[PDB]
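*Asks:* Before I ask anything, let me first share the structure, which is written out below as structure tokens.
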Amino acid sequence: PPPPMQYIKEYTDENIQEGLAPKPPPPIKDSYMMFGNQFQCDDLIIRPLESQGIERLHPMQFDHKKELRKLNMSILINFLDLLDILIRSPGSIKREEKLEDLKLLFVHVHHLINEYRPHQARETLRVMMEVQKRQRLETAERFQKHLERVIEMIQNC
Amino acid sequence: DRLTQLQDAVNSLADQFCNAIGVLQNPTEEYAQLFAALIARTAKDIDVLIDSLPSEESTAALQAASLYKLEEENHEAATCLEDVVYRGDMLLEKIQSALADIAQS
Amino acid sequence: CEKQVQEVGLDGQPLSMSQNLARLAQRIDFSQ
Amino acid sequence: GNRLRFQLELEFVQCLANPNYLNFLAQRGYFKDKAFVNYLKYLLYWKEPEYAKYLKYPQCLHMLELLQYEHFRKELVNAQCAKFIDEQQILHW
């Protein structure tokens, strides 16, 4: 599907326009084909979105981790009750509870990944900057020692 | 670091719960005990991983402040390294000029 | 900062003599 | 412009990023004209982290930059290079 239509008219090497002869402007705005950002825990799973986050130099104080642990424990208890029901009552009972537990687990995993990615990236960048600084300092010290040895060998003769 | 670990732990916990629900209905007692141990260990590991995970840039301010501090430290280190590299290049240029003058004799 | 792409470039490094040789071959090809 | 044209350009870039369309686009002869080179130079301005993020295929910019050469385009027109790139992408996916 060649979408670049009217390329010979717009993009012309004979006489270009002011500044938008061949300009292929991208969809930075007025285009909901991304969509806007991504999905969330409010449209798909219509329920109380448990979320939390602390600022710098301060831990969450059992806000996001405690809520996630409580949600996981509730999902596990619901799964155990559904297993007991499906084992005592007929089979097609625990399907909805299992699906809800799996969806909650997937949402929690995605949230944990999104929370751990930026901190890990920042830590890696800081470690790389520190390693670069240390390598530069070591190279400078080695060059200074080499120049000192060179001056010593020169003044020797 | 522990993001994919916690994700796989939650997935394995859900899979073990489904397998226990499917196989629930002393072979039966032993299978139930094994499924119980597996599900409990998976839930405990997931909880401990979510608690001991990186408690930081889940929102948008702590990560930004840490990145800004790291960028400032990197800029200072880069300025120091540039000064050191300029000194070393000056020394190397002086040595090369001395070598050229010695060879010109 | 944010130079991990070059910092993790482990085959994916001092002054290579082959690069200098190729540059000299491109330079000593003709005294233009 | 401005929304439909941008979405069409992004879709065309994502399509040309694949090795299958390399033989189809070369048969059209659009790369022979300066219009395709000008469109590539215009779309290269979207290398910042504002428009390239919309491109699902992250290897589109590299393939587009490589296709600028005539020898690279003739090599990608063949089936061997296309199959090799497909195998590499499958092993990397």
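In the structure tokens, chains take the letters A, B, ... in the order shown, each chain's residues start at 1, and ligands count up from 1 in the order shown.
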Return the neighbours of chain D among the residues of chain A, cut-off 10 Å, counting only C-alpha atoms, as a list in words.

*Replies:* residues 1, 2, 3, 4, 5, 6, 7, 8, 9, 10, 11, 12, 13, 20, 21, 22, 23, 24, 25, 26, 27, 28, 29, 30, 31, 32, 33, 34 and 35 of chain A

*Asks:* Kindly save the residues from that selection, with C-alpha atoms included, as a PDB file, in the first residue's frame.

*Replies:*
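See out-v8.pdb below for the written result:
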```pdb
ATOM      1  CA  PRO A   1       0.000   0.000   0.000  1.00  0.00           C
ATOM      2  CA  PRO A   2       1.905   3.053  -1.257  1.00  0.00           C
ATOM      3  CA  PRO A   3       0.509   5.799   0.983  1.00  0.00           C
ATOM      4  CA  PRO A   4       2.985   8.489  -0.107  1.00  0.00           C
ATOM      5  CA  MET A   5       0.689  10.049  -2.707  1.00  0.00           C
ATOM      6  CA  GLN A   6       1.484  13.221  -4.670  1.00  0.00           C
ATOM      7  CA  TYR A   7       5.207  12.753  -4.081  1.00  0.00           C
ATOM      8  CA  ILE A   8       6.303  14.114  -7.466  1.00  0.00           C
ATOM      9  CA  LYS A   9       4.220  17.271  -6.996  1.00  0.00           C
ATOM     10  CA  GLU A  10       5.152  18.039  -3.383  1.00  0.00           C
ATOM     11  CA  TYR A  11       8.733  16.726  -3.382  1.00  0.00           C
ATOM     12  CA  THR A  12      10.285  18.486  -6.383  1.00  0.00           C
ATOM     13  CA  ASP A  13      13.985  19.190  -6.888  1.00  0.00           C
ATOM     14  CA  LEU A  20       7.054  22.675   3.397  1.00  0.00           C
ATOM     15  CA  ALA A  21       7.535  21.375  -0.143  1.00  0.00           C
ATOM     16  CA  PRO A  22       8.311  17.722   0.736  1.00  0.00           C
ATOM     17  CA  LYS A  23       7.756  18.046   4.521  1.00  0.00           C
ATOM     18  CA  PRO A  24       6.315  14.719   5.717  1.00  0.00           C
ATOM     19  CA  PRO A  25       4.885  15.982   9.022  1.00  0.00           C
ATOM     20  CA  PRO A  26       4.381  13.205  11.582  1.00  0.00           C
ATOM     21  CA  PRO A  27       1.325  12.501  13.777  1.00  0.00           C
ATOM     22  CA  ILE A  28       2.520  14.272  16.918  1.00  0.00           C
ATOM     23  CA  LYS A  29      -0.901  15.861  17.509  1.00  0.00           C
ATOM     24  CA  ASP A  30      -4.508  15.556  16.322  1.00  0.00           C
ATOM     25  CA  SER A  31      -4.051  11.812  15.723  1.00  0.00           C
ATOM     26  CA  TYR A  32      -5.442   9.237  18.168  1.00  0.00           C
ATOM     27  CA  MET A  33      -3.720   6.280  16.483  1.00  0.00           C
ATOM     28  CA  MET A  34      -1.504   5.487  19.466  1.00  0.00           C
ATOM     29  CA  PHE A  35      -4.096   5.998  21.289  1.00  0.00           C
TER      30      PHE A  35
END
```

*Asks:* Any chance you could list, as a PyMOL selection string, the residues in region 4-100 of chain A that come up alpha helix (DSSP H) when DSSP is run on the backbone?

*Replies:* chain A and resi 7-10+64-88+95-100

*Asks:* Write out, as a PDB file, in the first residue's frame, the residues just selected, with C-alpha atoms.

*Replies:*
```pdb
ATOM      1  CA  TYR A   7       5.207  12.753  -4.081  1.00  0.00           C
ATOM      2  CA  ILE A   8       6.303  14.114  -7.466  1.00  0.00           C
ATOM      3  CA  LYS A   9       4.220  17.271  -6.996  1.00  0.00           C
ATOM      4  CA  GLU A  10       5.152  18.039  -3.383  1.00  0.00           C
ATOM      5  CA  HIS A  64       1.535   0.387  47.288  1.00  0.00           C
ATOM      6  CA  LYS A  65       3.309  -2.761  48.501  1.00  0.00           C
ATOM      7  CA  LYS A  66       0.790  -3.390  51.288  1.00  0.00           C
ATOM      8  CA  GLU A  67      -2.168  -2.807  48.960  1.00  0.00           C
ATOM      9  CA  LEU A  68      -0.644  -5.135  46.359  1.00  0.00           C
ATOM     10  CA  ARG A  69      -0.062  -7.810  49.006  1.00  0.00           C
ATOM     11  CA  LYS A  70      -3.653  -7.469  50.231  1.00  0.00           C
ATOM     12  CA  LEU A  71      -4.966  -7.736  46.665  1.00  0.00           C
ATOM     13  CA  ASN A  72      -2.831 -10.827  46.027  1.00  0.00           C
ATOM     14  CA  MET A  73      -4.039 -12.447  49.258  1.00  0.00           C
ATOM     15  CA  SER A  74      -7.659 -11.676  48.362  1.00  0.00           C
ATOM     16  CA  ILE A  75      -7.181 -13.129  44.871  1.00  0.00           C
ATOM     17  CA  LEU A  76      -5.600 -16.264  46.346  1.00  0.00           C
ATOM     18  CA  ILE A  77      -8.448 -16.674  48.846  1.00  0.00           C
ATOM     19  CA  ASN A  78     -11.020 -16.224  46.073  1.00  0.00           C
ATOM     20  CA  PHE A  79      -9.172 -18.786  43.944  1.00  0.00           C
ATOM     21  CA  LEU A  80      -9.115 -21.271  46.832  1.00  0.00           C
ATOM     22  CA  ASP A  81     -12.840 -20.789  47.472  1.00  0.00           C
ATOM     23  CA  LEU A  82     -13.559 -21.196  43.753  1.00  0.00           C
ATOM     24  CA  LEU A  83     -11.468 -24.378  43.652  1.00  0.00           C
ATOM     25  CA  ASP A  84     -13.371 -25.770  46.641  1.00  0.00           C
ATOM     26  CA  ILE A  85     -16.673 -24.890  44.954  1.00  0.00           C
ATOM     27  CA  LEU A  86     -15.691 -26.440  41.615  1.00  0.00           C
ATOM     28  CA  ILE A  87     -14.455 -29.569  43.401  1.00  0.00           C
ATOM     29  CA  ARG A  88     -17.635 -29.926  45.472  1.00  0.00           C
ATOM     30  CA  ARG A  95     -14.062 -20.207  35.540  1.00  0.00           C
ATOM     31  CA  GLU A  96     -15.079 -16.597  36.203  1.00  0.00           C
ATOM     32  CA  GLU A  97     -13.150 -16.412  39.483  1.00  0.00           C
ATOM     33  CA  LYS A  98     -10.062 -17.909  37.833  1.00  0.00           C
ATOM     34  CA  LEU A  99     -10.308 -15.395  34.981  1.00  0.00           C
ATOM     35  CA  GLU A 100     -10.682 -12.489  37.417  1.00  0.00           C
TER      36      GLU A 100
END
```

*Asks:* Rounded to one decimal, what separation in Å do you get between CA of residue 41 (chain B) and CA of residue 115 (chain A)?

*Replies:*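 These atoms are spaced 23.6 Å apart.
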
*Asks:* Restricting the calculation to only C-alpha atoms: of B:103, B:90, B:18, B:13, which residue gets closest to residue 45 (chain B)?

*Replies:* B:13

*Asks:* What's the 12 Å shell around residue 35 (chain B), counting only C-alpha atoms, without same-chain residues fewer than 2 positions away, as a ChimeraX atom specification?

*Replies:* /A:80,83 /B:12-24,28-33,37-42

*Asks:* Set the cut-off to 8 Å and count only C-alpha atoms: what are the residues of chain C that reach chain A? Output as an mmCIF file with N, CA and C atoms, in the first residue's frame.

*Replies:*
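And here is the file that came out, out-v2.cif:
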```
data_model
loop_
_atom_site.group_PDB
_atom_site.id
_atom_site.type_symbol
_atom_site.label_atom_id
_atom_site.label_comp_id
_atom_site.auth_asym_id
_atom_site.auth_seq_id
_atom_site.Cartn_x
_atom_site.Cartn_y
_atom_site.Cartn_z
ATOM 1 N N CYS C 1 25.257 12.202 30.151
ATOM 2 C CA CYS C 1 24.454 11.132 30.731
ATOM 3 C C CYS C 1 23.675 10.387 29.651
ATOM 4 N N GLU C 2 23.016 9.298 30.055
ATOM 5 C CA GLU C 2 22.212 8.472 29.151
ATOM 6 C C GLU C 2 23.051 7.931 27.995
ATOM 7 N N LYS C 3 24.287 7.530 28.299
ATOM 8 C CA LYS C 3 25.206 6.982 27.310
ATOM 9 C C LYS C 3 25.373 5.471 27.450
ATOM 10 N N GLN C 4 24.318 4.769 27.872
ATOM 11 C CA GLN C 4 24.413 3.324 28.052
ATOM 12 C C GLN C 4 24.595 2.599 26.726
ATOM 13 N N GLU C 7 28.189 2.743 26.388
ATOM 14 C CA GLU C 7 28.846 2.148 27.544
ATOM 15 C C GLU C 7 28.697 0.633 27.590
#
```

*Asks:* Mind running chain B against chain C at 12 Å and telling me each contacting residue's nearest atom pair with the distance in Å (one decimal), counting only C-alpha atoms, chain and number ascending, as CSV?

*Replies:*
```
residue,atom,partner,partner_atom,distance
B:67,CA,C:1,CA,9.4
B:68,CA,C:1,CA,10.1
B:69,CA,C:1,CA,10.9
B:70,CA,C:1,CA,7.9
B:71,CA,C:1,CA,5.8
B:72,CA,C:1,CA,8.9
B:73,CA,C:1,CA,9.1
B:74,CA,C:1,CA,6.0
B:75,CA,C:1,CA,7.5
B:76,CA,C:1,CA,10.8
B:77,CA,C:1,CA,10.2
B:78,CA,C:1,CA,9.1
```
